[PDB]
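Below you'll find only one chain, the form deposited in one PDB entry, shown as C-alpha cells.
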C-alpha cells in the first residue's frame, strides 16, 4: 500500500499508493518508486490532474486501499495527525506539510481513502491542501487547488 519515491542520495520526495487496482503517483514527484517490481511498470500520465499510474501486479491488487467519495465535514486522518473538512477544503495546520507529503492519502476512520495530497497553500493559520479526489458518477477524478505550492 504505502510506498516511497526517492531522488539522488535516495531521498523521499514523495509517495506512491496502491489503490483500487492501480498505483497512483503525483507526476511532479520526479523519482523512482522504491519497489523492485513497481519501479518497472508502464505508467500513464494524466496531467490535467497531476497523476501517474500503472496497473497493479495481478496479486498485489488484493492489498490495495479502497477509495470513498463520502466526505462529510469533520476530521480525517493523515500521517501527521488530523485533517479537517472545512467546507470543501481539506486543511491542516500551518507548519505541518511539505516535502515528503505529495502522494500520501487522507482517510476516514473506516480506513478508506478520501483524497491524495499534491501540495498546500497556507491561508492564514492553516494550510488548505491541493487534493485529487473523485466523486460518484464514476471515478471523476478532481484536482482542487488554492494559490498552492506543490510539494
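Positions refer to the first chain, counted from 1. What we label the rigid core is the largest C-alpha set whose atoms superpose within 1.5 Å from one form to the other. Only residues modelled in both forms are compared.
From this point on, the text means the form deposited in another entry, which you will not see here.
- When two forms of a protein are overlaid on their rigid core, residues whose CA moves 2 Å or more are considered shifted, and residue 136 is not one of them between this form and the one not shown.
- In that other deposited form, the Cα atoms of residue 63 and residue 139 sit 3 Å or more farther from each other than they do here.
- Compared with the form shown here, the Cα atoms of residue 49 and residue 140 move at least 3 Å closer together in that other deposited form.
- By the rule of 2 Å per CA over three or more consecutive residues, the rigid core superposition between this form and the one not shown yields one shifted run, at 138-146.
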